[PDB]
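Chemist: Below is one structure. I have some questions about it.
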Amino acid sequence: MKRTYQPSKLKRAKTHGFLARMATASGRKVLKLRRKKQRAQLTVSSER
Amino acid sequence: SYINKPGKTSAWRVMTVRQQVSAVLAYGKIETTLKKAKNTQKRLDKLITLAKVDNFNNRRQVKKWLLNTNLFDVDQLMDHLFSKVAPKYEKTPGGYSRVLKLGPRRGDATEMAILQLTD
Amino acid sequence: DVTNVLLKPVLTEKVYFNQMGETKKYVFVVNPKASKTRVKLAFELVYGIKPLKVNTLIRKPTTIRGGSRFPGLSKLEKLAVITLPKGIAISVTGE
Amino acid sequence: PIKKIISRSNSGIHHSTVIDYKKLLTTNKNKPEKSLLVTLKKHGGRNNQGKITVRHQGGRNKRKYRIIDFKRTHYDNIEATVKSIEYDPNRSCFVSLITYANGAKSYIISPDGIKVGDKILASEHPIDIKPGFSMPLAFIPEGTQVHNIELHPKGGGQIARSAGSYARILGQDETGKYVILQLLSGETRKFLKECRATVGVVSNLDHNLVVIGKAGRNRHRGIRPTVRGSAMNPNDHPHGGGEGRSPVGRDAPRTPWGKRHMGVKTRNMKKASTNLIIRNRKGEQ
RNA sequence: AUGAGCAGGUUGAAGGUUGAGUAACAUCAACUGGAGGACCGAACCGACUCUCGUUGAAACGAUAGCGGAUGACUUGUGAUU
RNA sequence: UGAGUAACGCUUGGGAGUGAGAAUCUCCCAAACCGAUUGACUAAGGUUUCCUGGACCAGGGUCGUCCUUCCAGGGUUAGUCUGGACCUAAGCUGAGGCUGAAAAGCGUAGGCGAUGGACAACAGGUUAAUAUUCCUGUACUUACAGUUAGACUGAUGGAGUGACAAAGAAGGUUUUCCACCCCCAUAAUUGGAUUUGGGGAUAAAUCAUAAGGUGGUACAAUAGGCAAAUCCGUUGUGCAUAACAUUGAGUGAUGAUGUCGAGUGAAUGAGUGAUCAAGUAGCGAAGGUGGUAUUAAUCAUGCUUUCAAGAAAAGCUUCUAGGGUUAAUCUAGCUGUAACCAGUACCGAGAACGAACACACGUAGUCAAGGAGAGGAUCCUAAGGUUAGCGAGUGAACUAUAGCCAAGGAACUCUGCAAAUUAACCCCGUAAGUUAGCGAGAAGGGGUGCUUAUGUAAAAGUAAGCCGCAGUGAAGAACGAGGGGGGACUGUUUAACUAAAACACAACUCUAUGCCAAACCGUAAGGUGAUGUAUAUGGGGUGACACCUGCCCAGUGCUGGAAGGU
Ligand SMILES: [Mg+2]
Ligand SMILES: [Mg+2]
Ligand SMILES: [Mg+2]
Ligand SMILES: [Mg+2]
Ligand SMILES: [Mg+2]
Ligand SMILES: [Mg+2]
Ligand SMILES: [Mg+2]
Ligand SMILES: [Mg+2]
Ligand SMILES: [Mg+2]
Ligand SMILES: [Mg+2]
Ligand SMILES: [Mg+2]
Ligand SMILES: [Mg+2]
Ligand SMILES: [Mg+2]
Ligand SMILES: [Mg+2]
Ligand SMILES: [Mg+2]
Ligand SMILES: [Mg+2]
Ligand SMILES: [Mg+2]
Ligand SMILES: [Mg+2]
Ligand SMILES: [Mg+2]
Ligand SMILES: [Mg+2]
Ligand SMILES: [Mg+2]
Ligand SMILES: [Mg+2]
Ligand SMILES: [Mg+2]
Ligand SMILES: [Mg+2]
Ligand SMILES: [Mg+2]
Ligand SMILES: [Mg+2]
Ligand SMILES: [Mg+2]
Ligand SMILES: [Mg+2]
Ligand SMILES: [Mg+2]
Ligand SMILES: [Mg+2]
Ligand SMILES: [Mg+2]
Ligand SMILES: [Mg+2]
Ligand SMILES: [Mg+2]
Ligand SMILES: [Mg+2]
Ligand SMILES: [Mg+2]
Ligand SMILES: [Mg+2]
Ligand SMILES: [Mg+2]
Ligand SMILES: [Mg+2]
Ligand SMILES: [Mg+2]
Ligand SMILES: [Mg+2]
Ligand SMILES: [Mg+2]
Ligand SMILES: [Mg+2]
Ligand SMILES: [Mg+2]
Ligand SMILES: [Mg+2]
Ligand SMILES: [Mg+2]
Ligand SMILES: [Mg+2]
Ligand SMILES: [Mg+2]
Ligand SMILES: [Mg+2]
Ligand SMILES: [Mg+2]
Ligand SMILES: [Mg+2]
Ligand SMILES: [Mg+2]
Ligand SMILES: [Mg+2]
Ligand SMILES: [Mg+2]
Ligand SMILES: [Mg+2]
Ligand SMILES: [Mg+2]
């Protein structure tokens, strides 16, 4: 059956990418908390 | 339970005896399971006794059992059987083949058996 | 010009297959930020014979030594395939 | 006139009817003039926020907007000639490709009764009472049909633009302006003296009698299924809930958003245009 | 918004041409024409029934039948509420 | 503990070899399934899973010397392919600006944004792994400079083209296919063989010729195209069976003394031999005639009909503006120089993707063989591919899947649920009712095989004869009649217990709405309605078609109203 996650290189980068998070005040706040938690994968851009 | 394997159907059984009988006639020895060797012996002996007259009717009868092997085709196996093997058993009152038991297989523990032509 | 875009020559089965039969093909590794024109210019100023054409390869980094206690990634390579004209064969070592 | 459609497809029976489009249109083929052709983007009943605003809209076919000269004031004093009457998918009334003497082309709402080769001319003088001639309301004798009425003088056409729409002149006012106009739906208004209008009735008078025969024809026209309020849940509509077919239940029918809407008047009487209305289809003012 | 798909086979509308007919219409006959939310039936879409499965092969399916299948159709990509 | 219990998730036999150990690894011969697919090319995704050698800690539902696992090394070549350096659709962003306690929302000019438009390369070979990319052969395109000859050059702007729907049927040319012919191998001990089997090819590009398709052609006046116009548009005249302009599948010649080609087939070396080596290198013949009442591809962005009336921009052509005149620019030819960035491996799924699993699920497009067949249905196979990653026995009860069952034939059961009958083609025949369209494949019947002859282009059919219990001998094909309830119908719906009488639908009616319209999203700007105008829009109710829709204005709701009381 058609499961929920259908991978797409564009949709992922354009929805949860660094530039997408850096376009609104809310996105800056989420990124600040993830830097506070020192997440190695800050966003989905750094896939590798 | 469904989508089961086809299984040991009657057609599969006839083909298995046919395949084994062609090989034992070509080479002279077969290493199979005991319960399979005990079933190919009947067909092997029956084929040999009917092939003692060497007429064209008997060739058509034998051809319903022989199959192509590595060492012989279906037409030289005919010559090998009717000119080399069968003439040897010209006055033996049956019992041209022997089945003896080997050890158990390492991975199955089934009882192996060697089927050979008794000289 | 600065000649940091010629890092290291590489010798494999493919390289030696090309490096025989009249026109020779020499495969080097170059700066991943360098362009074909820079590769031709570097070869001009440090060897002296004009390349006939240049081909480029990008080998993506991949995981190496997988399952080892500390896994590591590969290194980004740009490969350049220079082909010198008929009858000329210069040595990569010895100047 | 209208022409019936005999489907003879044995899936229900539908006495569908369509406009002839053969003896009323010059060429049956679709060959619009390229210059005055812009494409329309289907909003789908959604505003700039992307939220559905007017329900039951969406799914129409692709159309190209025909630029219509509602103002008809730029090329005044220049004789124009109708060349062909064609079909416009964005309005019920037919549109005529007219050409002016200087060589300019334009589209106008086609008055009924004109054929290929009938001369047209608009300006702000007496001119002549001929069908399609557009002049200001000061010079129109009382009694003639007029369509494409202009509300703001020097503006563009706004009133009586649909198929078979017209208006009558009912004298003047003592003010020296506000010529009387009897419009459709039995309403009398006072239109400014300088306002410009075109005489004649709009074509396609038989657009009432067209009968759709199928759901698909209406869906392709751009209408989505309208769900009744009685079939809804007790949420999303006042007339919902119930166990089976239930009546209104309230004191009066209500909108989906919860107002009475039945018989109540929803006109803002404190408008600058109230004083220019004589009757409102029911009574005085 | 922009693209793509519906193997194959039937029924033979409106309209048009000709002839008869009419004072002229109407009407009838032959030929042409190929319309239909038309018909049978694969891919495709959907999920009406029995059985099996219910710690499954599977957090909803399998076999055998079943409905639609040129359209209010199916679907890919992109956007949006 | 359950318990060494359930389970181990669709595929066989043998010979030889390696190895300490082999049903499971390698090779060979068969065998069984797929064959509108388990075959081949790719998009998306996956991200080294691809090739070679080695290993058998762990993973593989068993084993393992083996693996998509692990270790080491290696592998992805572009002026022409897919995308940028070109263009825009929905939409996004958006200096100023508008709106808003703040954060922010809306939005103009600009800028992004393919799933679309424009743009120059084809054939063969080569490595274990790449190939329109490397090599060979033959080409093409765009820039820059010099040069020769000709010409006045003409855009950031105007105009034309680009530029387009659905369905259907005719043609033209190549094909598929048929017949003949050419070439290659074969001549058969099982009864008779006088034959059997296979192949018959060549591209882009250049030149010439093109069946046709599309649309009238020149001349003259012009006030219109943010200025200008010789271009466009408009108005006249002449000629208009044609001319002129543009486009065009195919054909012939080079490309090709090339390549491919059925088949024939080594040497060298490894090895104990066979065998590998390899069926590899190399060699490599013919490489054609006619028809078609059969086929698919193209011309074709062609034509006809219908209403639901069917993208934008870039680019190309043209027009002047604007620049030249002792020049620049453009065109054609020659010579030379240059052509950037990213992807290119492999899988593409009963084992590499989305489902936690080497999970019976799901995933766009493209190529589509033979026989019979309308068919891409159905059965068997071709090219090709796999051995369903636990086996061997036995044939108890019992279960699942199938097959069959004498006499009766729904007596079973809540109910003919399920199962069973019919089934393809051809020839007869076909009622009540009706909105005259239907009902209807109504109901009910008959024939089908093989041979000879007659029929045809091929048939179909016709006549005679023969065989069997049975002749679309197997596979795939509708069970029917009658009465009633509801819904007019086709459709839609509770992903994963309810597909229905429910929803919707064409139709009827009421009500509001004169345009800065009513209604609606927001707080507002702004926007939908609508680039619409009462033959229009929104809401309530009813739900084809036909006939009807009665009484009550006391209460409630709605509309209007003089004054008077609060
Ligand atoms: Mg069988
Ligand atoms: Mg590259
Ligand atoms: Mg345009
Ligand atoms: Mg509505
Ligand atoms: Mg309900
Ligand atoms: Mg409520
Ligand atoms: Mg209620
Ligand atoms: Mg009730
Ligand atoms: Mg249908
Ligand atoms: Mg426990
Ligand atoms: Mg235990
Ligand atoms: Mg127990
Ligand atoms: Mg037990
Ligand atoms: Mg068990
Ligand atoms: Mg298994
Ligand atoms: Mg097995
Ligand atoms: Mg098969
Ligand atoms: Mg496949
Ligand atoms: Mg890995
Ligand atoms: Mg490997
Ligand atoms: Mg290995
Ligand atoms: Mg193990
Ligand atoms: Mg090249
Ligand atoms: Mg762009
Ligand atoms: Mg694209
Ligand atoms: Mg490969
Ligand atoms: Mg013989
Ligand atoms: Mg001007
Ligand atoms: Mg590849
Ligand atoms: Mg699958
Ligand atoms: Mg997976
Ligand atoms: Mg498996
Ligand atoms: Mg697919
Ligand atoms: Mg086939
Ligand atoms: Mg099939
Ligand atoms: Mg039977
Ligand atoms: Mg029997
Ligand atoms: Mg019985
Ligand atoms: Mg009976
Ligand atoms: Mg009983
Ligand atoms: Mg009973
Ligand atoms: Mg049943
Ligand atoms: Mg009936
Ligand atoms: Mg009754
Ligand atoms: Mg129904
Ligand atoms: Mg239905
Ligand atoms: Mg459900
Ligand atoms: Mg259900
Ligand atoms: Mg407002
Ligand atoms: Mg608007
Ligand atoms: Mg409406
Ligand atoms: Mg109702
Ligand atoms: Mg009712
Ligand atoms: Mg009263
Ligand atoms: Mg009141």
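Letters A, B, ... mark the chains of the structure tokens in the order given; residue numbers begin at 1 per chain; ligand numbers begin at 1, in order shown.
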Using only C-alpha atoms (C1' of nucleotides), I'd like every residue of chain A that has an atom within 10 Å of chain F; please write them out as a ChimeraX atom specification.

Modeler: /A:1-9,24-26

Chemist: Tell me the residues of chain D close to chain F, meaning within 7 Å using only C-alpha atoms (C1' of nucleotides), as a PyMOL selection string.

Modeler: chain D and resi 8+11-12+30+45-48+51+53-54+61-63+89+101-104+158-164+184-185+205+207-208+212-215+217+220-221+225+251-253+255+262-266

Chemist: Could those residues be written to a file, using N, CA and C atoms, as a CSV table (one decimal), in the first residue's frame?

Modeler:
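As written to disk, again.csv reads:
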chain,number,residue,atom,x,y,z
D,8,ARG,N,-30.0,9.4,-27.1
D,8,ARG,CA,-30.2,8.0,-27.4
D,8,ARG,C,-29.2,7.1,-26.8
D,11,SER,N,-28.7,5.3,-20.8
D,11,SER,CA,-28.3,5.5,-19.4
D,11,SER,C,-29.1,6.7,-18.9
D,12,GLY,N,-30.4,6.5,-18.4
D,12,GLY,CA,-31.3,7.5,-18.1
D,12,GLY,C,-31.8,8.2,-19.4
D,30,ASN,N,-14.1,28.3,-33.9
D,30,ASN,CA,-13.6,29.1,-32.8
D,30,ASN,C,-12.3,29.7,-33.3
D,45,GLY,N,-13.0,30.0,-6.4
D,45,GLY,CA,-13.7,30.4,-5.2
D,45,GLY,C,-12.9,30.6,-4.0
D,46,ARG,N,-11.6,30.8,-4.2
D,46,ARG,CA,-10.6,31.0,-3.1
D,46,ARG,C,-10.0,32.4,-3.2
D,47,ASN,N,-9.9,33.0,-2.0
D,47,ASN,CA,-9.4,34.4,-1.9
D,47,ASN,C,-7.9,34.3,-1.9
D,48,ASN,N,-7.2,35.5,-1.6
D,48,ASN,CA,-5.8,35.6,-1.6
D,48,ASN,C,-5.2,34.8,-0.5
D,51,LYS,N,-8.2,30.2,1.2
D,51,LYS,CA,-9.3,29.6,1.9
D,51,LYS,C,-10.6,29.8,1.0
D,53,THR,N,-14.0,30.7,-0.1
D,53,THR,CA,-14.8,31.9,0.3
D,53,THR,C,-16.2,31.9,-0.3
D,54,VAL,N,-16.3,31.7,-1.6
D,54,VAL,CA,-17.6,31.4,-2.2
D,54,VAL,C,-17.7,30.0,-2.5
D,61,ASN,N,-13.9,24.7,-17.3
D,61,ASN,CA,-12.9,24.5,-18.4
D,61,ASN,C,-12.0,25.7,-18.6
D,62,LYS,N,-10.9,25.5,-19.2
D,62,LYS,CA,-10.0,26.6,-19.5
D,62,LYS,C,-10.6,27.6,-20.5
D,63,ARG,N,-10.5,28.9,-20.2
D,63,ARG,CA,-11.1,29.9,-21.0
D,63,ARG,C,-10.0,31.0,-21.2
D,89,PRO,N,-17.0,32.6,-24.2
D,89,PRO,CA,-17.3,31.7,-23.0
D,89,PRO,C,-17.4,32.4,-21.7
D,101,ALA,N,-12.7,52.7,-38.7
D,101,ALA,CA,-12.3,53.2,-40.0
D,101,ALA,C,-10.8,53.3,-40.1
D,102,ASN,N,-10.1,53.7,-38.9
D,102,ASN,CA,-8.7,53.8,-38.9
D,102,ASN,C,-8.0,52.5,-39.0
D,103,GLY,N,-8.7,51.4,-38.8
D,103,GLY,CA,-8.1,50.0,-38.8
D,103,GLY,C,-8.0,49.4,-37.5
D,104,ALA,N,-8.4,50.0,-36.4
D,104,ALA,CA,-8.4,49.4,-35.1
D,104,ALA,C,-9.5,48.4,-35.0
D,158,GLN,N,-21.7,49.2,-16.9
D,158,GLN,CA,-21.9,48.4,-15.8
D,158,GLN,C,-23.3,47.7,-15.7
D,159,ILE,N,-24.4,48.5,-16.2
D,159,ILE,CA,-25.7,48.0,-16.1
D,159,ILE,C,-26.2,47.5,-17.4
D,160,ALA,N,-27.1,46.4,-17.4
D,160,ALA,CA,-27.7,45.8,-18.5
D,160,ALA,C,-26.7,45.3,-19.5
D,161,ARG,N,-25.9,44.3,-19.0
D,161,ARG,CA,-24.9,43.7,-19.8
D,161,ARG,C,-25.1,42.2,-20.1
D,162,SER,N,-26.1,41.6,-19.5
D,162,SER,CA,-26.3,40.2,-19.7
D,162,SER,C,-27.2,40.0,-20.9
D,163,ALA,N,-27.4,38.7,-21.3
D,163,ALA,CA,-28.1,38.4,-22.5
D,163,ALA,C,-29.6,38.7,-22.3
D,164,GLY,N,-30.1,39.5,-23.2
D,164,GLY,CA,-31.5,39.9,-23.2
D,164,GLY,C,-31.9,40.9,-22.2
D,184,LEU,N,-34.5,46.4,-15.2
D,184,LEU,CA,-35.1,45.2,-15.0
D,184,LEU,C,-35.4,45.0,-13.5
D,185,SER,N,-36.2,43.9,-13.2
D,185,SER,CA,-36.7,43.7,-11.9
D,185,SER,C,-37.6,44.8,-11.4
D,205,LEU,N,-31.6,36.2,-26.5
D,205,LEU,CA,-32.7,36.4,-25.6
D,205,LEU,C,-33.3,35.0,-25.1
D,207,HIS,N,-31.6,32.6,-23.6
D,207,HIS,CA,-30.7,31.9,-22.7
D,207,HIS,C,-31.5,31.4,-21.5
D,208,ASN,N,-32.7,31.9,-21.2
D,208,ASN,CA,-33.5,31.3,-20.2
D,208,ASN,C,-33.9,29.9,-20.5
D,212,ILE,N,-30.1,22.2,-19.1
D,212,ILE,CA,-29.0,21.3,-18.9
D,212,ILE,C,-29.6,19.9,-18.6
D,213,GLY,N,-29.0,18.9,-19.2
D,213,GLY,CA,-29.5,17.5,-19.1
D,213,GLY,C,-28.7,16.6,-18.2
D,214,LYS,N,-27.5,17.0,-17.8
D,214,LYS,CA,-26.6,16.1,-17.1
D,214,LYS,C,-25.9,16.8,-16.0
D,215,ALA,N,-25.4,16.1,-15.0
D,215,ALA,CA,-24.5,16.6,-14.0
D,215,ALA,C,-23.2,17.1,-14.6
D,217,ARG,N,-22.4,18.4,-17.5
D,217,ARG,CA,-22.5,19.6,-18.2
D,217,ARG,C,-22.4,20.8,-17.2
D,220,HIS,N,-18.8,20.9,-15.7
D,220,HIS,CA,-17.9,21.5,-16.6
D,220,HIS,C,-18.1,23.0,-16.8
D,221,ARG,N,-19.4,23.4,-16.6
D,221,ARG,CA,-19.6,24.9,-16.6
D,221,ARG,C,-19.0,25.6,-15.4
D,225,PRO,N,-21.2,20.6,-6.5
D,225,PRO,CA,-22.5,20.1,-5.8
D,225,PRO,C,-22.7,20.9,-4.6
D,251,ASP,N,-37.0,29.0,14.6
D,251,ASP,CA,-38.1,29.9,14.2
D,251,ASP,C,-38.1,30.3,12.8
D,252,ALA,N,-36.9,30.3,12.1
D,252,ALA,CA,-36.8,30.6,10.7
D,252,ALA,C,-35.6,29.9,10.1
D,253,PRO,N,-35.5,29.8,8.8
D,253,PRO,CA,-34.3,29.2,8.2
D,253,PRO,C,-33.1,30.1,8.4
D,255,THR,N,-28.7,30.9,7.7
D,255,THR,CA,-27.5,30.7,6.8
D,255,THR,C,-26.6,29.6,7.5
D,262,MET,N,-33.9,35.3,5.7
D,262,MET,CA,-35.1,35.0,5.1
D,262,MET,C,-36.1,36.2,5.2
D,263,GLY,N,-36.3,36.9,4.1
D,263,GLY,CA,-37.2,38.1,4.1
D,263,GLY,C,-36.6,39.3,4.6
D,264,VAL,N,-35.5,39.2,5.4
D,264,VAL,CA,-34.9,40.4,5.9
D,264,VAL,C,-34.1,41.2,4.8
D,265,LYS,N,-34.1,42.5,4.9
D,265,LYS,CA,-33.4,43.3,3.9
D,265,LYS,C,-32.0,43.5,4.4
D,266,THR,N,-31.0,43.3,3.4
D,266,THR,CA,-29.6,43.4,3.7
D,266,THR,C,-29.0,44.5,2.9

Chemist: Please, which residues in chain D fall within 8 Å of ligand 7 when counting only C-alpha atoms and all ligand atoms, and what is the closest atom pair and distance in Å to one decimal for each, ordered by chain then residue number, as a Markdown table?

Modeler:
| residue | atom | partner | partner_atom_place_in_ligand_line | distance |
| --- | --- | --- | --- | --- |
| D:230 | CA | ligand 7 | 1 (Mg) | 7.2 |
| D:234 | CA | ligand 7 | 1 (Mg) | 7.6 |
| D:238 | CA | ligand 7 | 1 (Mg) | 6.8 |
| D:239 | CA | ligand 7 | 1 (Mg) | 4.5 |
| D:240 | CA | ligand 7 | 1 (Mg) | 5.3 |
| D:241 | CA | ligand 7 | 1 (Mg) | 5.9 |
| D:242 | CA | ligand 7 | 1 (Mg) | 5.9 |
| D:246 | CA | ligand 7 | 1 (Mg) | 6.0 |
| D:247 | CA | ligand 7 | 1 (Mg) | 6.0 |
| D:248 | CA | ligand 7 | 1 (Mg) | 5.2 |
| D:249 | CA | ligand 7 | 1 (Mg) | 4.7 |
| D:250 | CA | ligand 7 | 1 (Mg) | 7.0 |

Chemist: Mind checking DSSP for segment 18-118 of chain B and telling me the strand (DSSP E) residues as a VMD selection string?

Modeler: chain B and resid 29 to 33 97 to 104 111 to 117

Chemist: Residues of chain B near chain E: apply a cut-off of 12 Å, count only C-alpha atoms (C1' of nucleotides), and supply the list as a ChimeraX atom specification.

Modeler: /B:1-4

Chemist: Could you dump the residues just selected with C-alpha atoms as a PDB file, in the first residue's frame?

Modeler:
ATOM      1  CA  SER B   1      -2.658 -21.930   5.018  1.00  0.00           C
ATOM      2  CA  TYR B   2      -2.460 -21.130   1.303  1.00  0.00           C
ATOM      3  CA  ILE B   3       0.069 -20.442  -1.454  1.00  0.00           C
ATOM      4  CA  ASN B   4       1.670 -23.749  -0.511  1.00  0.00           C
TER       5      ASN B   4
END

Chemist: Any residue with an atom at most 10 Å from ligand 24 counts, using only C-alpha atoms (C1' of nucleotides) and all ligand atoms. Which are they? Put them as a ChimeraX atom specification.

Modeler: /F:84,86-88,111-114

Chemist: Give me every helix (DSSP H, G or I) residue in chain B, going by DSSP on the backbone, as a ChimeraX atom specification.

Modeler: /B:10-26,34-50,56-62,76-88

Chemist: Choose the residue, out of E:36, E:41, E:71, E:8, that has the smallest atom-to-atom separation from chain D; count only C-alpha atoms (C1' of nucleotides).

Modeler: E:36

Chemist: Could you pull the residues within 10 Å of residue 138 of chain F, counting only C-alpha atoms (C1' of nucleotides), minus those fewer than 3 positions along the same chain, as a ChimeraX atom specification?

Modeler: /F:122-123,204-205,255

Chemist: Can you spit out the residues from that selection as a PDB file, in the first residue's frame, using C-alpha atoms (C1' of nucleotides)?

Modeler:
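Output (out29.pdb):
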ATOM      1  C1'   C F 122      24.696   9.167 -35.523  1.00  0.00           C
ATOM      2  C1'   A F 123      26.645   3.936 -36.547  1.00  0.00           C
ATOM      3  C1'   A F 204      22.810  10.846 -38.343  1.00  0.00           C
ATOM      4  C1'   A F 205      24.611  14.299 -41.921  1.00  0.00           C
ATOM      5  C1'   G F 255      28.473   8.414 -46.009  1.00  0.00           C
TER       6        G F 255
END

Chemist: Check the smallest atom-to-atom distance from each of F:32, F:345, F:334, F:286 to chain C using only C-alpha atoms (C1' of nucleotides), then report the winner.

Modeler: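 Answer, going by the shortest atom-to-atom distance: F:345.
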
Chemist: Taking only C-alpha atoms (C1' of nucleotides) and all ligand atoms into account, report as a PyMOL selection string which residues have an atom no farther than 7 Å from an atom of ligand 4.

Modeler: (chain D and resi 55-56+226) or (chain F and resi 538)

Chemist: Keeping N, CA, C and O atoms (P, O5', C5', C4', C3', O3' and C1' of nucleotides) for every residue in the selection just given, could you write it to a file as a PDB file, in the first residue's frame?

Modeler:
ATOM      1  N   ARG D  55     -18.570  29.225  -1.880  1.00  0.00           N
ATOM      2  CA  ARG D  55     -18.685  27.790  -2.077  1.00  0.00           C
ATOM      3  C   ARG D  55     -19.294  27.478  -3.441  1.00  0.00           C
ATOM      4  O   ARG D  55     -19.834  28.351  -4.127  1.00  0.00           O
ATOM      5  N   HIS D  56     -19.167  26.209  -3.841  1.00  0.00           N
ATOM      6  CA  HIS D  56     -19.775  25.675  -5.060  1.00  0.00           C
ATOM      7  C   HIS D  56     -19.124  26.229  -6.325  1.00  0.00           C
ATOM      8  O   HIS D  56     -19.762  26.301  -7.377  1.00  0.00           O
ATOM      9  N   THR D 226     -23.953  21.407  -4.438  1.00  0.00           N
ATOM     10  CA  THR D 226     -24.394  22.145  -3.260  1.00  0.00           C
ATOM     11  C   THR D 226     -25.089  21.191  -2.293  1.00  0.00           C
ATOM     12  O   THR D 226     -26.096  20.564  -2.640  1.00  0.00           O
TER      13      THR D 226
ATOM     14  P     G F 538     -22.971  31.828  -6.877  1.00  0.00           P
ATOM     15  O5'   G F 538     -23.546  32.222  -5.446  1.00  0.00           O
ATOM     16  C5'   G F 538     -22.709  32.811  -4.462  1.00  0.00           C
ATOM     17  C4'   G F 538     -23.487  33.176  -3.222  1.00  0.00           C
ATOM     18  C3'   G F 538     -24.322  32.069  -2.601  1.00  0.00           C
ATOM     19  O3'   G F 538     -23.561  31.180  -1.802  1.00  0.00           O
ATOM     20  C1'   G F 538     -25.613  34.039  -2.750  1.00  0.00           C
TER      21        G F 538
END

Chemist: With chain E as the partner and 6 Å as the cut-off, tabulate the residues of chain D that qualify, each row holding the nearest pair of atoms and their distance in Å to one decimal, using only C-alpha atoms (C1' of nucleotides), sorted by chain and rising number, as a Markdown table.

Modeler:
| residue | atom | partner | partner_atom | distance |
| --- | --- | --- | --- | --- |
| D:7 | CA | E:36 | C1' | 5.6 |
| D:9 | CA | E:38 | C1' | 4.4 |
| D:50 | CA | E:81 | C1' | 5.0 |
| D:51 | CA | E:81 | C1' | 5.2 |
| D:216 | CA | E:72 | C1' | 5.2 |

Chemist: Excluding same-chain residues fewer than 4 positions from residue 67 of chain B, what lies within 8 Å of it counting only C-alpha atoms (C1' of nucleotides), as a PyMOL selection string?

Modeler: (chain B and resi 18-19+22+73-74) or (chain F and resi 30)

Chemist: Nearest to ligand 14 among F:500, F:390, F:193, F:410, with distances taken over only C-alpha atoms (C1' of nucleotides) and all ligand atoms: which residue is it?

Modeler: F:390

Chemist: Atom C1' of residue 477 of chain F and atom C1' of residue 378 of chain F, how far apart in Å?

Modeler: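 Computing the Euclidean distance for atom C1' of residue 378 of chain F and atom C1' of residue 477 of chain F yields 9.4 Å.
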
Chemist: Just checking: using only C-alpha atoms (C1' of nucleotides), which residue out of B:86, B:63, B:28, B:107 ends up closest to chain F?

Modeler: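 Closest to chain F, using only C-alpha atoms (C1' of nucleotides): B:107.
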